[PDB]
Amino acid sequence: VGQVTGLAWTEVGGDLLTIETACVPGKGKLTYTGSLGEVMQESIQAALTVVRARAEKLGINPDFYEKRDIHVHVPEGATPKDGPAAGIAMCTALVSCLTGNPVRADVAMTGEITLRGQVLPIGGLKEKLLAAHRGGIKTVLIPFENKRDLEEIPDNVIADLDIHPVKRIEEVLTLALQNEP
């Protein structure tokens, strides 16, 4: 619940990230921490807007923005992270936490989100899937246009991962959340 394995860029160490999101009694503030670069901070804003746009249909109270504060933290806190690859992870974690819909266990996702809910292709796919296997992720959700980059990946890697090329965020919410979103 509000905890998603995303695959995004890091300055050092694995391109696998745990995204945590908390919704606590507040005034409507948005905090985001974890040594996050601007492009990544912007992806959180984009993902939160997607959620705000769909709130009624997502079973969220559309006026949650006023009586709750949301903190998005990505450990390890001192490791620099950046890029837009965690966007769909950001959205899923927010939907989970605002709803209480637990995220599925062995699932990771990579992909850039747009405000309309399309999933955009990302970079360094090969290194991302490598952090997926070496973190023991069974299912990896990827952007449809990144299918081109699947042919460059070792057979050992792919064989163990269940990779789902996805086009839209509604596919992501279905494949990642435990319950009906």
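Residue numbers here begin at 1 and follow the sequence given.
With 9-17 and 156-164 compared on mean CA B-factor from the PDB entry, the stretch scoring higher is 156-164.
Relative to its counterpart among 144-152 and 40-48, 144-152 has the higher mean temperature factor, C-alpha atoms as listed in the PDB entry. Within the selection 92, 79, 99, 110, the deposited Cα B-factor values reach their highest point at 99. Comparing the listed residues 117, 121, 34, 136, the entry records the largest Cα B-factor for 136.
Among the modelled residues of its chain, residue 59 has a C-alpha B-factor that falls in the middle third according to the deposited record.
The deposited CA B-factor of residue 85 belongs to the lowest third of values across its chain.
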